[PDB]
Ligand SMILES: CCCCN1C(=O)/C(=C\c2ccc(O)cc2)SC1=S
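Starting off, we have a lone chain in the form solved without the named molecule, written out as structure tokens.
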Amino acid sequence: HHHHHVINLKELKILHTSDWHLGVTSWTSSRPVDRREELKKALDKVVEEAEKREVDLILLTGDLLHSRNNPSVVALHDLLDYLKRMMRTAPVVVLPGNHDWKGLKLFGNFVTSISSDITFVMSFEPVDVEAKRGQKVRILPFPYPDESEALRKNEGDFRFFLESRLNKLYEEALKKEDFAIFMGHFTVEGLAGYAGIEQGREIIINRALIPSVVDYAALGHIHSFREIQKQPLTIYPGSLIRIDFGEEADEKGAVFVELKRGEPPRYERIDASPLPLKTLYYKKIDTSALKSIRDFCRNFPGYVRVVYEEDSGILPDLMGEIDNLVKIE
């Protein structure tokens, strides 16, 4: 199943998905919920769409695995399974998120060398790939600065380092052939309604420093769908599930992007239809609140957290009674 060769082809169809967090079990400290079933249902939906829409290229922009250090065998198996499924649809380019195990890097470069349908980008060096219908795409990758996960330098020099990398990618973008695509794994500065670091050291990038001459800027790391800017089109697809409370109002899913030479890019969201989350708040846990909790959870198809401040004595066994109540705090 090799690439097609279409002459004078000015179109490129892209599936961009990110932040899978394969392996995640949520609320381990109160009621562990393995998110695998829900997550795979979403991934199957995304794979089916890429097939339906006959995409030319698939972009994976990191945090595909929940465990940055020691992913389980099941999570790794799921990842390789979906990578394989995607490769059968269109060539895949992978920009993994922050990781520590060298196993992914060794694996990545080897697999890239032996197959024309997958490319791992794990440095700042540009890569020229070929899409499903023969389109030439220059990839401009910006991963988490490795080795120096500890900066070993002040904020001024480090910012200048990041800024210098971005200027270099800009210059390399100018030497493109058909299309040029930026792939980044970081936090855009000044994100509207952004919670904060989910237990990690963050790389903060001003959106204006994203090379303006690229056709699409594919970003990952942020769990909410966000259209960052239009020139160049810069998007976080978001995660596929609602990973924790705080993500109740987010849009979750992937994106379909259509590029045409000489024309503005267009996109459509591929919504994951994730299970919903709800936080219930009460001044005090009384019979009025106690019935409010039971009532709500009864017809709610997602997971519920209860927060209350005032002491109410020994609570009744709500969690043993309500299967979708995953936390009381």
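For clarity, a rigid core is taken as the largest C-alpha set superposing within 1.5 Å between two forms. The first residue of the shown sequence is 1; numbering continues from there.
Farther from the shown form on average, by C-alpha root mean square after a core fit in 6 other deposited structures of this protein, is 317 to 325, of the stretches 317 to 325 and 12 to 20.
Take 104 to 112 and 69 to 77, fit the other structures onto the shown form by the rigid core, and average the C-alpha distances in 6 other deposited structures of this protein: the farther stretch is 104 to 112. Once the C-alpha B-factors are averaged per stretch, 301 to 309 and 18 to 26 rank with 301 to 309 first. Higher mean CA temperature factor between 292 to 300 and 272 to 280: 292 to 300, per the PDB entry. Note on 250, 157, 117, 128: the highest value goes to 157, judged by CA B factor as recorded.
Note on the listed residues 217, 140, 87, 213: the highest Cα temperature factor in the record is that of 213.
Remark: residue 184 belongs to the lowest third of its chain, ranked by C-alpha B-factor as recorded.
The PDB entry assigns residue 238 a C-alpha temperature factor belonging to the lowest third of its chain's modelled residues. Sort the modelled residues of the chain by CA B factor and residue 57 lands in the lowest third. In this PDB entry, the Cα temperature factor of residue 6 sits in the top third of its chain's modelled residues, the highest group. Compared with the other modelled residues of the chain, the Cα B-factor recorded for residue 199 ranks in the highest third.
One more form of this protein should be noted, the form solved in complex with the named molecule, which is absent from this view; the next part is about it.
At the 4.5 Å threshold, heavy atoms of residue 94 reach the named molecule in the deposited bound form. Put simply, residue 28 is far from the named molecule in the deposited bound form: not one heavy atom of it is within 4.5 Å. Among heavy atoms of residue 277, none comes within 4.5 Å of the named molecule in the deposited bound form. Although the partner is absent here, residue 217 lies well away from the named molecule in the deposited bound form, with no heavy atom inside 4.5 Å. The chain is drawn here without the named molecule; in the deposited bound form, the stretch among 63 to 71, 266 to 274, 32 to 40, 288 to 296 whose residues come within 4.5 Å of it by any heavy atom is 63 to 71.
Comment: the named molecule is not present in this chain, but in the deposited bound form one of 203, 76, 151, 191 has a heavy atom within 4.5 Å of it, namely 76. Screening 186, 120, 256, 82 for any heavy atom within 4.5 Å of the named molecule in the deposited bound form leaves a single hit, 120.
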